[PDB]
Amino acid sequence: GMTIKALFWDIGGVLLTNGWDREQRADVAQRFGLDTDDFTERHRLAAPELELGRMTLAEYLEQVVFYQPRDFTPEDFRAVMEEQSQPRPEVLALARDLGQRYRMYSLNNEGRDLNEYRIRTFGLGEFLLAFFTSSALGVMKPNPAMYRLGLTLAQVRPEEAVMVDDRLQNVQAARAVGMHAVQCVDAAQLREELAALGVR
């Protein structure tokens, strides 16, 4: 087939843990003594706009946490949010290796502040050339438009690209715009499937 010219990488659940998923929020909420039902409902409402970069973290925190007096600060809270991010060593290592031979980019959903913390903390920029992130672009996976935008920014044809994501819905959406895609289950599996596409 066409030679692959670019890889697009999901970050959460692939390169790193998710930044602010259900399980993590549950944990952090407990630590801060938050009413979990109210917190979850408020997060549900506000999260998408944070993810799309149309509301600030301060704004989100105002609605989701600091809507009543608290015995801690937004800075305190933000610190603990940031700390939820941990590496996925084997996949990271694979990506770092491949980055020596291929042009690669992120295509991921994440609020700006957590995104930038994750990039700097884990040196994602050493192997990803650009970060096509929801909070920067104002669209989010699994919107077909996000995939198309990534392709447009990288200037590669759909068939010359491969999307790596842990969610089947995202893999399928990528394929629907003409991209190759592989669902990331584990490093060994991902390496083999990429190799099948000529990405070694």
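Note that residue numbering follows the sequence shown and begins at 1.
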> Which third of the chain does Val162 land in by C-alpha B-factor: lowest, middle or highest?
Replying inline: lowest
> Mind checking which third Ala154 falls in for C-alpha B-factor across the chain?
Replying inline: lowest
> Can you tell me which third, lowest, middle or highest, the CA B-factor of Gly33 falls into for its chain?
Replying inline: highest
> Which third of the chain does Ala188 land in by C-alpha B-factor: lowest, middle or highest?
Replying inline: middle
> In terms of the CA temperature factor given in the entry, to which third of its chain does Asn143 belong: lowest, middle or highest?
Replying inline: lowest
